[PDB]
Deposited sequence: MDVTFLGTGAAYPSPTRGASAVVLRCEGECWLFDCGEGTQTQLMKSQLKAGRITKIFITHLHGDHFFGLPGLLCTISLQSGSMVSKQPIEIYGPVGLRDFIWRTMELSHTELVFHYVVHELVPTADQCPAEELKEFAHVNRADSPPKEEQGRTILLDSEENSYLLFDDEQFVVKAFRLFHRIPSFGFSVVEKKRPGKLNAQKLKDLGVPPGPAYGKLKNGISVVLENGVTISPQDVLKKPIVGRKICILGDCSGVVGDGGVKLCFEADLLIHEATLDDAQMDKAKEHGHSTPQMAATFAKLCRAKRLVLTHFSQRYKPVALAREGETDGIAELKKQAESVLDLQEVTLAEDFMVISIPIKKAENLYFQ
């Protein structure tokens, strides 16, 4: 079980840090978390293969987290019956984006996909596919629960609504948070408790905390405080402004979680 960082930069892809994308691998099955522009080329450079991706999870509808998605699907198709659809989980709006973009570009994908949309709430920002609704008691979204994994989402605060994802082996726990300046109620501490790996943004340095919060971002001290509060075993910082063990992510870094 490992995470491969494809893009570790904030706001846009650069020559030194790609736009947001991380792949979680379990037993040859790949799950992609975020898909900024250039993700498909970062995949090509990596040891991973786009064709092995079975699920995709989008944290929020800022372009550095999803503009690479149409390209990625097209290329997977161009290079390919798959039996099971690729499952795509993300905020409301994502399903129509993909459908329209594929139609506009006259792309007939050779595989089936389904988009499951998470419904955000207005307090996340300043004042056949499923629709997935918050459970107010649990304070989370159930994405899926099978024999191997339970995967859930929780609400973050950002300039637009943003989500974190919790992956639990039925075992190891990996939590991956979208851009944020905070978490809505106890959703994070609950789901992220004793995470084996916690992936958190740290867009700006601690001296720029005011600017960070302004833009719905975090600094390393904010991430670290959340990690300590959740008793995470490992904290990995990512989504750096372009130019408990704590690791600063770089593109193509692979972190394994031993059993």
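Where C-alpha coordinates are absent, the deposited sequence of this PDB chain has the segments 81 to 83, 131 to 149, 193 to 242, 316 to 343, 360 to 368.
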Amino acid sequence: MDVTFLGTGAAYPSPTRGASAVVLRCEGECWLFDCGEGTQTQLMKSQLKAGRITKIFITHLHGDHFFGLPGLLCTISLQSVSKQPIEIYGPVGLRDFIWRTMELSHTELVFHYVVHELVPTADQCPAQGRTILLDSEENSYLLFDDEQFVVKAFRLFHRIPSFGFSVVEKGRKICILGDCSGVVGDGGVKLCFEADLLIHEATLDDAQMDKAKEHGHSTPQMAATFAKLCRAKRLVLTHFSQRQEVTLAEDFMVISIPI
From here on, numbers count along this sequence of modelled residues.
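If you average the C-alpha B-factors over 175 to 183 and over 81 to 89, the higher value belongs to 81 to 89. When 67 to 75 is weighed against 137 to 145, 137 to 145 comes out higher, by mean CA B-factor as recorded in the entry. Taking the deposited Cα B-factors for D206, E201, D34, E37, the highest one is held by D206. Remark: of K55, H62, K45, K233, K233 shows the highest value [criterion: C-alpha B-factor in the PDB entry]. Sorting the modelled residues of the chain by their CA temperature factor places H239 in the lowest third. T107: CA B factor lies in the middle third for its chain, per the PDB record. The deposited CA B-factor of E250 belongs to the middle third of values across its chain. Among the modelled residues of its chain, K152 has a C-alpha B-factor that falls in the middle third according to the deposited record. Among the modelled residues of its chain, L6 has a C-alpha B-factor that falls in the lowest third according to the deposited record.
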